[PDB]
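J.: One file is attached below, my_file.cif, containing mmCIF, C-alpha atoms and all ligand atoms.
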```
data_start
loop_
_atom_site.label_atom_id
_atom_site.label_comp_id
_atom_site.auth_asym_id
_atom_site.auth_seq_id
_atom_site.Cartn_x
_atom_site.Cartn_y
_atom_site.Cartn_z
CA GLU A 1 -73.47 7.51 -12.22
CA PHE A 2 -70.30 9.05 -13.59
CA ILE A 3 -71.87 9.36 -17.01
CA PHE A 4 -74.83 11.23 -15.53
CA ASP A 5 -72.51 13.51 -13.58
CA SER A 6 -70.69 14.37 -16.81
CA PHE A 7 -73.97 15.40 -18.44
CA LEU A 8 -74.81 17.65 -15.51
CA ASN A 9 -71.40 19.27 -15.55
CA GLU A 10 -71.36 19.77 -19.29
CA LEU A 11 -74.79 21.42 -19.13
CA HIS A 12 -73.80 23.55 -16.16
CA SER A 13 -70.46 24.47 -17.78
CA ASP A 14 -72.27 25.36 -21.01
CA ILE A 15 -74.77 27.46 -19.11
CA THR A 16 -71.95 29.24 -17.30
CA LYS A 17 -69.94 29.88 -20.47
CA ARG A 18 -73.10 31.47 -21.86
CA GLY A 19 -73.54 33.91 -18.97
CA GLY A 20 -75.98 31.85 -16.94
CA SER A 21 -76.29 32.35 -13.19
CA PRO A 22 -77.87 30.30 -10.38
CA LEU A 23 -81.35 31.02 -9.00
CA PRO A 24 -82.80 29.96 -5.64
CA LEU A 25 -85.35 27.15 -5.43
CA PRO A 26 -88.39 27.10 -3.16
CA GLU A 27 -87.15 26.08 0.29
CA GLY A 28 -87.10 22.31 0.77
CA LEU A 29 -87.15 21.51 -2.95
CA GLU A 30 -83.45 22.01 -3.75
CA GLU A 31 -82.47 18.76 -2.06
CA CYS A 32 -84.38 15.90 -0.50
CA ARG A 33 -82.87 12.83 1.15
CA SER A 34 -84.82 9.59 1.47
CA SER A 35 -85.36 8.51 5.07
CA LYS A 36 -85.41 4.96 3.74
CA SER A 37 -83.78 4.57 0.33
CA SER A 38 -80.40 6.23 0.82
CA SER A 39 -81.62 8.24 -2.16
CA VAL A 40 -80.73 11.88 -2.77
CA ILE A 41 -82.38 14.23 -5.21
CA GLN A 42 -80.81 17.58 -6.02
CA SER A 43 -82.18 20.33 -8.23
CA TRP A 44 -81.05 23.59 -9.78
CA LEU A 45 -82.56 26.65 -11.43
CA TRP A 46 -80.63 28.87 -13.83
CA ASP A 47 -81.04 32.30 -15.35
CA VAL A 48 -79.75 31.53 -18.85
CA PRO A 49 -79.76 34.34 -21.41
CA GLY A 50 -82.67 33.80 -23.82
CA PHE A 51 -84.52 31.51 -21.43
CA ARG A 52 -87.12 32.45 -18.83
CA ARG A 53 -86.64 29.22 -16.86
CA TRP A 54 -84.15 26.35 -16.89
CA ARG A 55 -84.30 23.51 -14.40
CA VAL A 56 -81.97 20.57 -13.76
CA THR A 57 -82.43 17.57 -11.48
CA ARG A 58 -80.03 14.81 -10.47
CA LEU A 59 -81.17 11.82 -8.44
CA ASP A 60 -78.54 9.57 -6.88
CA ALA A 61 -79.99 6.38 -5.37
CA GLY A 62 -77.02 4.13 -5.94
CA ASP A 63 -77.56 0.95 -7.95
CA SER A 64 -81.30 1.32 -7.49
CA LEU A 65 -81.63 4.48 -9.55
CA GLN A 66 -79.77 7.27 -11.31
CA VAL A 67 -81.65 10.18 -12.87
CA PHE A 68 -80.65 13.18 -14.89
CA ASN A 69 -83.44 15.47 -16.01
CA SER A 70 -83.61 18.98 -17.45
CA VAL A 71 -86.10 21.29 -19.12
CA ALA A 72 -85.36 24.63 -20.81
CA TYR A 73 -88.14 27.20 -21.26
CA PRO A 74 -87.25 29.89 -23.83
CA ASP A 75 -88.16 33.49 -23.17
CA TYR A 76 -91.66 34.18 -24.49
CA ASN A 77 -90.31 36.15 -27.45
CA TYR A 78 -88.94 32.87 -28.77
CA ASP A 79 -91.54 30.32 -29.87
CA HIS A 80 -88.92 27.61 -30.41
CA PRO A 81 -89.12 24.21 -28.78
CA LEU A 82 -88.33 23.53 -25.16
CA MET A 83 -85.41 21.26 -24.38
CA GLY A 84 -86.53 18.10 -22.59
CA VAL A 85 -84.13 15.53 -21.16
CA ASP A 86 -85.27 12.60 -18.99
CA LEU A 87 -82.62 9.93 -18.37
CA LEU A 88 -83.10 7.02 -15.98
CA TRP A 89 -80.85 4.11 -15.09
CA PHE A 90 -82.26 1.26 -12.97
CA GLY A 91 -79.28 -0.74 -11.75
CA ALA A 92 -81.20 -3.78 -10.50
CA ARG A 93 -82.61 -4.44 -13.96
CA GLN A 94 -79.69 -2.96 -15.93
CA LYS A 95 -82.37 -0.89 -17.60
CA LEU A 96 -81.97 2.43 -19.38
CA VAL A 97 -84.87 4.75 -20.12
CA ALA A 98 -83.53 7.68 -22.13
CA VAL A 99 -85.67 10.40 -23.65
CA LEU A 100 -84.27 13.49 -25.34
CA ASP A 101 -86.44 15.84 -27.37
CA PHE A 102 -86.91 19.34 -28.58
CA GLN A 103 -90.48 19.52 -27.31
CA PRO A 104 -92.52 21.53 -29.86
CA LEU A 105 -95.16 24.09 -28.86
CA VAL A 106 -97.20 23.12 -31.94
CA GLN A 107 -97.22 20.34 -34.55
CA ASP A 108 -97.62 22.66 -37.55
CA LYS A 109 -95.58 21.54 -40.57
CA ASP A 110 -93.90 24.94 -40.96
CA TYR A 111 -92.86 24.97 -37.31
CA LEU A 112 -91.41 21.46 -37.51
CA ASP A 113 -89.61 22.36 -40.76
CA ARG A 114 -88.20 25.49 -39.12
CA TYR A 115 -86.76 23.96 -35.99
CA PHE A 116 -85.97 20.28 -36.44
CA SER A 117 -83.13 19.91 -38.96
CA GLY A 118 -80.61 19.32 -36.17
CA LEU A 119 -82.71 16.81 -34.28
CA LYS A 120 -83.52 14.92 -37.48
CA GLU A 121 -79.77 14.65 -38.07
CA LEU A 122 -79.10 13.55 -34.49
CA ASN A 123 -81.83 10.92 -34.79
CA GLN A 124 -80.08 9.53 -37.87
CA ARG A 125 -76.63 9.61 -36.22
CA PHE A 126 -77.62 7.68 -33.08
CA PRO A 127 -80.04 4.99 -34.26
CA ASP A 128 -79.36 2.71 -31.31
CA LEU A 129 -81.09 5.32 -29.14
CA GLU A 130 -89.29 2.38 -32.06
CA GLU A 131 -90.48 2.73 -28.46
CA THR A 132 -94.15 3.31 -27.69
CA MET A 133 -95.31 5.67 -24.95
CA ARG A 134 -97.69 4.44 -22.24
CA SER A 135 -98.48 7.77 -20.51
CA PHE A 136 -97.65 10.63 -22.86
CA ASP A 137 -99.19 11.31 -26.26
CA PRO A 138 -96.46 11.26 -28.93
CA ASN A 139 -98.29 14.00 -30.86
CA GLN A 140 -98.62 16.43 -27.97
CA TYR A 141 -95.46 18.26 -26.91
CA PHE A 142 -93.15 15.67 -28.50
CA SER A 143 -91.58 15.62 -31.94
CA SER A 144 -91.20 12.74 -34.39
CA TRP A 145 -87.40 12.88 -34.06
CA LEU A 146 -86.97 12.46 -30.30
CA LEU A 147 -84.43 9.98 -29.05
CA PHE A 148 -86.51 7.49 -27.03
CA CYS A 149 -84.74 4.38 -25.83
CA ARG A 150 -85.77 1.64 -23.47
CA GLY A 151 -82.54 -0.34 -23.45
CA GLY A 152 -79.58 -1.48 -21.42
CA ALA A 153 -75.92 -1.05 -20.56
CA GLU A 154 -74.67 -1.00 -24.15
CA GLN A 155 -76.91 1.96 -25.02
CA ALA A 156 -76.12 3.76 -21.77
CA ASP A 157 -72.37 3.34 -22.12
CA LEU A 158 -71.68 3.44 -25.86
CA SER A 159 -74.25 5.73 -27.46
CA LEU A 160 -75.83 7.94 -24.79
CA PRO A 161 -72.70 9.96 -23.85
CA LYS A 162 -71.90 11.28 -27.33
CA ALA A 163 -75.62 11.60 -28.14
CA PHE A 164 -76.27 13.78 -25.10
CA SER A 165 -73.42 16.14 -26.01
CA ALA A 166 -74.57 16.29 -29.63
CA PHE A 167 -78.19 16.85 -28.55
CA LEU A 168 -77.15 19.68 -26.20
CA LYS A 169 -75.01 21.36 -28.88
CA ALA A 170 -77.91 21.06 -31.34
CA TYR A 171 -80.22 22.71 -28.82
CA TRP A 172 -77.89 25.67 -28.33
CA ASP A 173 -77.55 25.90 -32.14
CA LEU A 174 -81.35 25.89 -32.43
CA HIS A 175 -81.62 28.76 -29.93
CA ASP A 176 -78.78 30.74 -31.46
CA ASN A 177 -80.25 30.36 -34.96
CA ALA A 178 -83.55 31.74 -33.60
CA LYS A 179 -82.02 34.97 -32.32
CA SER A 180 -83.55 37.97 -34.09
CA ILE A 181 -85.71 35.73 -36.31
CA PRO A 182 -89.44 36.53 -36.22
CA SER A 183 -91.50 34.23 -34.04
CA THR A 184 -94.71 33.07 -35.67
CA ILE A 185 -96.38 32.61 -32.27
CA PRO A 186 -96.46 35.83 -30.25
CA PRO A 187 -95.38 36.12 -26.60
CA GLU A 188 -98.87 35.90 -25.03
CA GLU A 189 -99.55 32.63 -26.81
CA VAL A 190 -96.01 31.27 -26.26
CA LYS A 191 -96.78 31.73 -22.55
CA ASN A 192 -100.13 29.98 -22.85
CA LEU A 193 -98.52 27.08 -24.72
CA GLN A 194 -95.58 26.73 -22.30
CA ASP A 195 -97.97 26.79 -19.36
CA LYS A 196 -100.12 24.20 -21.09
CA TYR A 197 -96.95 22.11 -21.49
CA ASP A 198 -96.67 22.08 -17.67
CA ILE A 199 -100.35 21.27 -17.38
CA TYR A 200 -100.13 18.40 -19.88
CA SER A 201 -96.92 17.01 -18.45
CA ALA A 202 -98.21 17.06 -14.87
CA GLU A 203 -101.42 15.32 -16.07
CA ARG A 204 -99.43 12.51 -17.76
CA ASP A 205 -96.74 12.35 -15.03
CA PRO A 206 -95.24 8.85 -15.08
CA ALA A 207 -92.94 9.58 -12.10
CA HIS A 208 -95.25 10.17 -9.12
CA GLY A 209 -94.88 6.54 -8.04
CA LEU A 210 -91.08 6.71 -8.05
CA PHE A 211 -91.04 10.08 -6.28
CA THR A 212 -93.57 9.00 -3.65
CA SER A 213 -91.62 5.81 -2.93
CA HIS A 214 -88.35 7.67 -2.31
CA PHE A 215 -89.53 10.96 -0.83
CA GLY A 216 -93.16 10.69 0.27
CA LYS A 217 -96.46 11.90 -1.13
CA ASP A 218 -96.33 15.49 0.17
CA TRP A 219 -92.84 16.36 -1.04
CA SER A 220 -93.46 14.64 -4.37
CA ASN A 221 -96.58 16.76 -4.97
CA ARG A 222 -94.83 20.01 -4.04
CA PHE A 223 -91.95 19.07 -6.32
CA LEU A 224 -94.29 18.24 -9.23
CA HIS A 225 -96.47 21.33 -9.01
CA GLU A 226 -94.05 23.98 -7.67
CA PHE A 227 -90.81 23.03 -9.43
CA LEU A 228 -91.30 20.54 -12.27
CA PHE A 229 -94.48 21.87 -13.80
CA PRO A 230 -95.20 25.17 -12.03
CA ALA A 231 -98.16 26.17 -14.25
CA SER A 232 -99.91 22.96 -13.16
CA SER A 233 -102.01 22.59 -10.01
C1 LIG B 301 -86.91 14.79 -12.08
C2 LIG B 301 -87.87 14.62 -12.91
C3 LIG B 301 -88.45 13.39 -13.47
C4 LIG B 301 -88.11 12.10 -13.24
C5 LIG B 301 -87.07 11.61 -12.32
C6 LIG B 301 -88.96 11.24 -14.12
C7 LIG B 301 -89.03 9.88 -14.16
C8 LIG B 301 -89.70 9.05 -15.19
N1 LIG B 301 -89.89 9.38 -16.47
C9 LIG B 301 -90.50 8.32 -17.14
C10 LIG B 301 -90.90 8.23 -18.45
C11 LIG B 301 -90.84 9.10 -19.54
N2 LIG B 301 -90.30 10.41 -19.63
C12 LIG B 301 -90.43 10.84 -20.88
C13 LIG B 301 -90.06 12.12 -21.37
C14 LIG B 301 -89.90 13.20 -20.58
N3 LIG B 301 -90.34 13.27 -19.30
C15 LIG B 301 -90.08 14.52 -18.80
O1 LIG B 301 -90.33 14.92 -17.68
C16 LIG B 301 -89.42 15.32 -19.87
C17 LIG B 301 -88.97 16.72 -19.72
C18 LIG B 301 -89.35 14.54 -20.97
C19 LIG B 301 -88.72 14.94 -22.25
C20 LIG B 301 -88.50 14.26 -23.31
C21 LIG B 301 -91.15 9.84 -21.66
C22 LIG B 301 -91.54 9.94 -23.08
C23 LIG B 301 -91.37 8.77 -20.82
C24 LIG B 301 -92.09 7.45 -21.16
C25 LIG B 301 -93.48 7.50 -20.52
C26 LIG B 301 -94.52 6.84 -21.36
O2 LIG B 301 -94.40 5.61 -21.52
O3 LIG B 301 -95.46 7.55 -21.79
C27 LIG B 301 -90.64 7.26 -16.24
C28 LIG B 301 -91.25 5.87 -16.57
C29 LIG B 301 -90.16 4.93 -17.12
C30 LIG B 301 -90.64 4.12 -18.29
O4 LIG B 301 -91.32 4.70 -19.15
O5 LIG B 301 -90.29 2.92 -18.32
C31 LIG B 301 -90.11 7.68 -15.03
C32 LIG B 301 -90.06 6.89 -13.76
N4 LIG B 301 -89.82 12.11 -14.81
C33 LIG B 301 -89.51 13.40 -14.45
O6 LIG B 301 -90.06 14.43 -14.87
#
```
Can you present the structure in this file as structure tokens?
T.:
Amino acid sequence: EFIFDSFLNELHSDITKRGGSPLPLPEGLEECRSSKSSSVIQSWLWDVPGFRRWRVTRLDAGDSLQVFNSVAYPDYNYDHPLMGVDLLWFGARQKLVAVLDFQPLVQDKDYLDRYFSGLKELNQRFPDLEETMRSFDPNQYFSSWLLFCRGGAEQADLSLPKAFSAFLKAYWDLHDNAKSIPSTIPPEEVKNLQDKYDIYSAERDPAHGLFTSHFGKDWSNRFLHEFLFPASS
């Protein structure tokens, strides 16, 4: 809970330091409170220089659930990976699900070579963070060097905090190193590929059940298709 808050504030502080400013969300999607769960989900959009979209979501459902999630979409003139962060803590089962990746637009060797030196290094530094995916395809819109942990309190408390900060710093470094460097994928196709990221991710959505339980079918669907993965229908 406090750990997840610190991630949100670091990200928001970083965004602010970098000249980012808040953007309005579709009405009703910025906050939803569970009529049953005592669960609260809050979301943000940012105008971050170099990025055409940047969303953040924080779900506070006490000891039942904590979530911190964020996706960064670079401006179309950058073909570099998206940032994807999906962190869940299930208090009843003392269960951590932590996924952090630089989600690649393509799997081409040259593209992976170009962008992944930092993530490769992070992956080596935080080995406690082997897991198999049951919904997503590890070869579509994920890299080989993602941090993917299904674990417990030790991982959540001891490794995740420093790993998140390192991951975030490595993502900014990635973006900054891409400034003024030729993109190999041009803007029209970066757009197609980012939109197809939304389409893919909405198709494989592992969260609809959790969302529906807390917030109802209608809100969950709006949230998925209007905020999470806006190019999806
Ligand atoms: C507020 C938004 C949001 C929430 C709360 C969320 C929840 C959510 N994400 C999950 C899995 C997952 N989530 C990810 C990864 C990601 N998923 C992403 O949305 C992004 C950007 C990444 C980036 C790395 C992966 C790899 C899994 C495992 C699913 C699988 O087994 O295929 C799961 C299943 C837990 C499990 O695998 O045991 C839940 C309930 N997903 C969301 O999008």
J.: Contacts of range 101-104 of chain A at 7 Å or less, counting all atoms listed in the file, minus same-chain residues fewer than 3 places along, as a list in words?
T.: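 Counting only the stated atoms, we get residues 81, 82, 83, 84, 85, 107, 141, 142, 143, 146 and 147 of chain A.
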J.: Measuring atom to atom with all atoms listed in the file, identify which of A:232, A:118, A:164, A:226 is nearest to residue 26 in chain A.
T.: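 Among the listed residues, the smallest separation from residue 26 in chain A belongs to A:226.
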J.: Could you list, with a cut-off of 9 Å and counting only C-alpha atoms and all ligand atoms, the residues of chain A near ligand LIG 301 (chain B), each shown with its nearest atom pair and the distance in Å rounded to one decimal, rows sorted by chain and ascending number, as JSON lines?
T.:
```
{"residue": "A:41", "atom": "CA", "partner": "B:LIG301", "partner_atom": "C1", "distance": 8.2}
{"residue": "A:43", "atom": "CA", "partner": "B:LIG301", "partner_atom": "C1", "distance": 8.2}
{"residue": "A:56", "atom": "CA", "partner": "B:LIG301", "partner_atom": "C1", "distance": 7.8}
{"residue": "A:57", "atom": "CA", "partner": "B:LIG301", "partner_atom": "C1", "distance": 5.3}
{"residue": "A:58", "atom": "CA", "partner": "B:LIG301", "partner_atom": "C1", "distance": 7.1}
{"residue": "A:59", "atom": "CA", "partner": "B:LIG301", "partner_atom": "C5", "distance": 7.1}
{"residue": "A:66", "atom": "CA", "partner": "B:LIG301", "partner_atom": "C5", "distance": 8.6}
{"residue": "A:67", "atom": "CA", "partner": "B:LIG301", "partner_atom": "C5", "distance": 5.6}
{"residue": "A:68", "atom": "CA", "partner": "B:LIG301", "partner_atom": "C1", "distance": 7.0}
{"residue": "A:69", "atom": "CA", "partner": "B:LIG301", "partner_atom": "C1", "distance": 5.3}
{"residue": "A:70", "atom": "CA", "partner": "B:LIG301", "partner_atom": "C17", "distance": 6.2}
{"residue": "A:71", "atom": "CA", "partner": "B:LIG301", "partner_atom": "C17", "distance": 5.4}
{"residue": "A:72", "atom": "CA", "partner": "B:LIG301", "partner_atom": "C17", "distance": 8.8}
{"residue": "A:82", "atom": "CA", "partner": "B:LIG301", "partner_atom": "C17", "distance": 8.7}
{"residue": "A:83", "atom": "CA", "partner": "B:LIG301", "partner_atom": "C17", "distance": 7.4}
{"residue": "A:84", "atom": "CA", "partner": "B:LIG301", "partner_atom": "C19", "distance": 3.9}
{"residue": "A:85", "atom": "CA", "partner": "B:LIG301", "partner_atom": "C19", "distance": 4.8}
{"residue": "A:86", "atom": "CA", "partner": "B:LIG301", "partner_atom": "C14", "distance": 4.9}
{"residue": "A:87", "atom": "CA", "partner": "B:LIG301", "partner_atom": "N1", "distance": 7.5}
{"residue": "A:88", "atom": "CA", "partner": "B:LIG301", "partner_atom": "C7", "distance": 6.8}
{"residue": "A:95", "atom": "CA", "partner": "B:LIG301", "partner_atom": "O5", "distance": 8.8}
{"residue": "A:96", "atom": "CA", "partner": "B:LIG301", "partner_atom": "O5", "distance": 8.4}
{"residue": "A:97", "atom": "CA", "partner": "B:LIG301", "partner_atom": "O5", "distance": 6.0}
{"residue": "A:98", "atom": "CA", "partner": "B:LIG301", "partner_atom": "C12", "distance": 7.7}
{"residue": "A:99", "atom": "CA", "partner": "B:LIG301", "partner_atom": "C20", "distance": 4.8}
{"residue": "A:100", "atom": "CA", "partner": "B:LIG301", "partner_atom": "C20", "distance": 4.8}
{"residue": "A:101", "atom": "CA", "partner": "B:LIG301", "partner_atom": "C20", "distance": 4.8}
{"residue": "A:102", "atom": "CA", "partner": "B:LIG301", "partner_atom": "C20", "distance": 7.5}
{"residue": "A:103", "atom": "CA", "partner": "B:LIG301", "partner_atom": "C20", "distance": 6.9}
{"residue": "A:131", "atom": "CA", "partner": "B:LIG301", "partner_atom": "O2", "distance": 8.5}
{"residue": "A:132", "atom": "CA", "partner": "B:LIG301", "partner_atom": "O2", "distance": 6.6}
{"residue": "A:133", "atom": "CA", "partner": "B:LIG301", "partner_atom": "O2", "distance": 3.5}
{"residue": "A:134", "atom": "CA", "partner": "B:LIG301", "partner_atom": "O2", "distance": 3.6}
{"residue": "A:135", "atom": "CA", "partner": "B:LIG301", "partner_atom": "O3", "distance": 3.3}
{"residue": "A:136", "atom": "CA", "partner": "B:LIG301", "partner_atom": "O3", "distance": 3.9}
{"residue": "A:137", "atom": "CA", "partner": "B:LIG301", "partner_atom": "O3", "distance": 6.9}
{"residue": "A:138", "atom": "CA", "partner": "B:LIG301", "partner_atom": "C22", "distance": 7.8}
{"residue": "A:141", "atom": "CA", "partner": "B:LIG301", "partner_atom": "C20", "distance": 8.8}
{"residue": "A:142", "atom": "CA", "partner": "B:LIG301", "partner_atom": "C20", "distance": 7.1}
{"residue": "A:146", "atom": "CA", "partner": "B:LIG301", "partner_atom": "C20", "distance": 7.4}
{"residue": "A:147", "atom": "CA", "partner": "B:LIG301", "partner_atom": "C20", "distance": 8.2}
{"residue": "A:148", "atom": "CA", "partner": "B:LIG301", "partner_atom": "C22", "distance": 6.8}
{"residue": "A:150", "atom": "CA", "partner": "B:LIG301", "partner_atom": "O5", "distance": 7.0}
{"residue": "A:201", "atom": "CA", "partner": "B:LIG301", "partner_atom": "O1", "distance": 7.0}
{"residue": "A:202", "atom": "CA", "partner": "B:LIG301", "partner_atom": "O6", "distance": 8.6}
{"residue": "A:204", "atom": "CA", "partner": "B:LIG301", "partner_atom": "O3", "distance": 7.5}
{"residue": "A:205", "atom": "CA", "partner": "B:LIG301", "partner_atom": "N4", "distance": 6.9}
{"residue": "A:206", "atom": "CA", "partner": "B:LIG301", "partner_atom": "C27", "distance": 5.0}
{"residue": "A:207", "atom": "CA", "partner": "B:LIG301", "partner_atom": "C32", "distance": 4.3}
{"residue": "A:208", "atom": "CA", "partner": "B:LIG301", "partner_atom": "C32", "distance": 7.7}
{"residue": "A:209", "atom": "CA", "partner": "B:LIG301", "partner_atom": "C32", "distance": 7.5}
{"residue": "A:210", "atom": "CA", "partner": "B:LIG301", "partner_atom": "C32", "distance": 5.8}
{"residue": "A:211", "atom": "CA", "partner": "B:LIG301", "partner_atom": "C5", "distance": 7.4}
{"residue": "A:223", "atom": "CA", "partner": "B:LIG301", "partner_atom": "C1", "distance": 8.8}
{"residue": "A:224", "atom": "CA", "partner": "B:LIG301", "partner_atom": "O6", "distance": 8.0}
{"residue": "A:228", "atom": "CA", "partner": "B:LIG301", "partner_atom": "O6", "distance": 6.8}
{"residue": "A:229", "atom": "CA", "partner": "B:LIG301", "partner_atom": "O6", "distance": 8.7}
```
J.: Using only C-alpha atoms for the distances, tell me which of A:119, A:105, A:231, A:11 is nearest to residue 195 in chain A.
T.: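 Ranking A:119, A:105, A:231, A:11 by distance to residue 195 in chain A, first place goes to A:231.
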J.: Have a look at CA of residue 33 in chain A and CA of residue 62 in chain A and let me know their distance in Å, one decimal.
T.: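 It comes out at 12.7 Å.
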J.: Identify which of the residues A:176, A:126, A:194, A:170 lies closest to residue 155 in chain A, counting only C-alpha atoms when measuring atom-to-atom distances.
T.: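 Closest candidate: A:126.
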J.: So what do you get for CA of residue 12 in chain A versus CA of residue 116 in chain A, distance-wise?
T.: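 Computing the Euclidean distance for CA of residue 12 in chain A and CA of residue 116 in chain A yields 23.9 Å.
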J.: Report, in Å to a single decimal, how far apart CA of residue 75 in chain A and CA of residue 225 in chain A are.
T.: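 Going from CA of residue 225 in chain A over to CA of residue 75 in chain A, I get 20.4 Å.
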J.: So, with all atoms listed in the file as the atoms that count, which of A:180, A:165, A:77, A:144 lies closest to residue 14 in chain A?
T.: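 Of all the options, A:165 lies closest to residue 14 in chain A.
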J.: Pick the closest to residue 108 in chain A from A:187, A:197, A:169, A:140: which is it, counting all atoms listed in the file?
T.: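 When distances to residue 108 in chain A are compared using all atoms listed in the file, the smallest one comes from A:140.
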J.: Rank A:117, A:184, A:64, A:213 by their smallest atom-to-atom distance to residue 93 in chain A, using all atoms listed in the file, and report the top residue only.
T.: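 Going through A:117, A:184, A:64, A:213 one by one, the smallest distance to residue 93 in chain A is for A:64.
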J.: Which centre and edge lengths in Å to one decimal define the box along x, y and z that fits every listed atom of range 99-106 of chain A plus 5 Å per side, as lines of an AutoDock Vina configuration file?
T.:
```
center_x = -90.7
center_y = 17.2
center_z = -27.8
size_x = 22.9
size_y = 23.7
size_z = 18.3
```
J.: Assuming the input is short of atoms at range 140-161 of chain A, produce N, CA and C atoms for that part as a compact mmCIF listing (two decimals), keeping the file's coordinate frame.
T.:
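Okay, this is what ended up in out28.txt:
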```
# COMPACT_ATOMS: atom_id res chain seq x y z
N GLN A 140 -98.42 15.23 -28.76
CA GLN A 140 -98.62 16.43 -27.97
C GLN A 140 -97.35 16.71 -27.20
N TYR A 141 -96.67 17.79 -27.59
CA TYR A 141 -95.46 18.26 -26.91
C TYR A 141 -94.27 17.31 -27.04
N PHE A 142 -94.31 16.44 -28.06
CA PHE A 142 -93.15 15.67 -28.50
C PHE A 142 -93.03 15.75 -30.01
N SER A 143 -91.82 15.63 -30.51
CA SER A 143 -91.58 15.62 -31.94
C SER A 143 -91.41 14.19 -32.42
N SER A 144 -91.42 14.03 -33.74
CA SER A 144 -91.20 12.74 -34.39
C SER A 144 -89.75 12.28 -34.35
N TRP A 145 -88.83 13.16 -33.96
CA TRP A 145 -87.40 12.88 -34.06
C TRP A 145 -86.70 12.77 -32.71
N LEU A 146 -87.50 12.70 -31.65
CA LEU A 146 -86.97 12.46 -30.30
C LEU A 146 -86.09 11.23 -30.29
N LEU A 147 -85.14 11.21 -29.37
CA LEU A 147 -84.43 9.98 -29.05
C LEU A 147 -85.21 9.36 -27.89
N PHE A 148 -85.74 8.15 -28.09
CA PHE A 148 -86.51 7.49 -27.03
C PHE A 148 -86.07 6.04 -26.99
N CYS A 149 -85.35 5.69 -25.93
CA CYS A 149 -84.74 4.38 -25.83
C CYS A 149 -85.15 3.74 -24.53
N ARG A 150 -85.70 2.53 -24.62
CA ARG A 150 -85.77 1.64 -23.47
C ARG A 150 -84.78 0.53 -23.78
N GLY A 151 -83.63 0.58 -23.12
CA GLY A 151 -82.54 -0.34 -23.45
C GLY A 151 -81.73 -0.75 -22.24
N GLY A 152 -80.44 -0.95 -22.46
CA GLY A 152 -79.58 -1.48 -21.42
C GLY A 152 -78.20 -0.86 -21.34
N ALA A 153 -77.24 -1.61 -20.81
CA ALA A 153 -75.92 -1.05 -20.56
C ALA A 153 -75.21 -0.60 -21.83
N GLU A 154 -75.39 -1.34 -22.92
CA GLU A 154 -74.67 -1.00 -24.15
C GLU A 154 -75.07 0.40 -24.61
N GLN A 155 -76.37 0.67 -24.60
CA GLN A 155 -76.91 1.96 -25.02
C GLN A 155 -76.45 3.07 -24.08
N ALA A 156 -76.53 2.80 -22.78
CA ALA A 156 -76.12 3.76 -21.77
C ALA A 156 -74.64 4.12 -21.87
N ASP A 157 -73.81 3.14 -22.20
CA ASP A 157 -72.37 3.34 -22.12
C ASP A 157 -71.76 3.78 -23.45
N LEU A 158 -72.32 3.29 -24.55
CA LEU A 158 -71.68 3.44 -25.86
C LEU A 158 -72.25 4.57 -26.69
N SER A 159 -73.56 4.76 -26.60
CA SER A 159 -74.25 5.73 -27.46
C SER A 159 -74.69 6.99 -26.71
N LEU A 160 -75.26 6.81 -25.53
CA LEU A 160 -75.83 7.94 -24.79
C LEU A 160 -74.86 9.11 -24.52
N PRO A 161 -73.60 8.84 -24.15
CA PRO A 161 -72.70 9.96 -23.85
C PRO A 161 -72.48 10.93 -25.00
```
